[PDB]
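Examining the three-dimensional arrangement
Chain by chain, the residues run as shown.
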Amino acid sequence: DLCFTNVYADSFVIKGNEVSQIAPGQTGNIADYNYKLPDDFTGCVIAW
Amino acid sequence: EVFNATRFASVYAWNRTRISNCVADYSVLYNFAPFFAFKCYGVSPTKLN
Ligand SMILES: *[C@@H]1O[C@H](CO)[C@@H](O[C@@H]2O[C@H](CO)[C@@H](O)[C@H](O)[C@@H]2O)[C@H](O)[C@H]1NC(C)=O
Ligand SMILES: *[C@@H]1O[C@H](CO)[C@@H](O)[C@H](O)[C@H]1NC(C)=O
């Protein structure tokens, strides 16, 4: 029920705990030097 | 020496140690443990040094 201007899909395979590591305003070896999400992140993460 | 220990005492008698007059750089605790929960309350872990 939503309309979006632009939609971005960033894909990457990672460990299990790093899935919980991925969240806005987080920290970790991956969250600090590999992939940091915006503090005002408008979206979400899919992990299977 | 507090994360390199081998006999962390039981919860019924918890072992308390004091740290003073030194330089606290927390990259050592960051790389010395496969962290599962870092829920800090008083100070955010990020800019902790
Ligand atoms: C809690 O764990 C500490 C780990 O460093 C212990 O500190 C050491 O204790 C030894 C004696 O056991 C000292 O020789 C050493 O200098 C250092 O202080 C500490 O003793 C321990 N406390 C309890 C109550 O077990
Ligand atoms: C200190 O940590 C290292 C690496 O984690 C380990 O190999 C060593 O056995 C530890 N020392 C003691 C006394 O447990």
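For this coordinate set, the PDB header names cryo-EM as the determination method and states a resolution of 3.82 Å.

**Overview of the environment of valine 43 of chain B**
Residue and element names in this part refer to chain B. Considering the arrangement of structural elements, one finds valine 43 in the segment after helix 1 (27-31). You can call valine 43 partly exposed: its relative accessible area is 46%. Along the chain, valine 43 and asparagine 21 lie 22 residues apart, while their C-alpha atoms are 20 Å from each other.

**Considering the side chain of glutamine 21 of chain A**
Examined against the element boundaries, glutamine 21 of chain A turns out to sit in helix 1 (residues 17-21). A distance of 2.9 Å separates a polar atom in the side chain of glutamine 21 of chain A from the backbone nitrogen of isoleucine 30 of chain A.

**So, the packing of aromatic side chains**
Residues and elements named next belong to chain B. Under the criterion given, the structure shown has 4 aromatic pairs over all chains. An angle of 15° between the planes, with centres 5.9 Å apart, marks the rings of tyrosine 30 and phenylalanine 35 as stacked. Here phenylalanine 35 falls in the partly exposed class, since its relative accessible area comes to 34%. Ring geometry for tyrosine 30 and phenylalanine 38: centres 6.2 Å apart, planes at 70°, overall edge-to-face. Accessibility expressed as a relative area gives 31% for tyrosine 30, which makes it partly exposed. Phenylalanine 38 gets classed as partly exposed once you look at its relative accessible area, which sits at 28%. An aromatic cluster of at least three residues, connected via ring pairs, comprises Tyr30, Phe35 and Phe38.

Definitions and limits used
Residues numbered from 1 in each chain as written, not as in the entry; some residues may be left out. Chains lettered and ligands numbered in written order. Part of a larger assembly, values for the part shown. Heavy atoms only, no water. Helix = DSSP H or I, 4+ residues; strand = E, 2+ residues; numbered from the N terminus. Buried < 20%, exposed > 50% of the residue type's maximum accessible area, 1.4 Å probe, protein only. Polar contact = N/O pair within 3.5 Å; in protein donor to acceptor, adjacent residues only side chain to side chain. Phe/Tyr/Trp six-rings, centres within 6.5 Å; stacked < 30°, edge-to-face > 60°.

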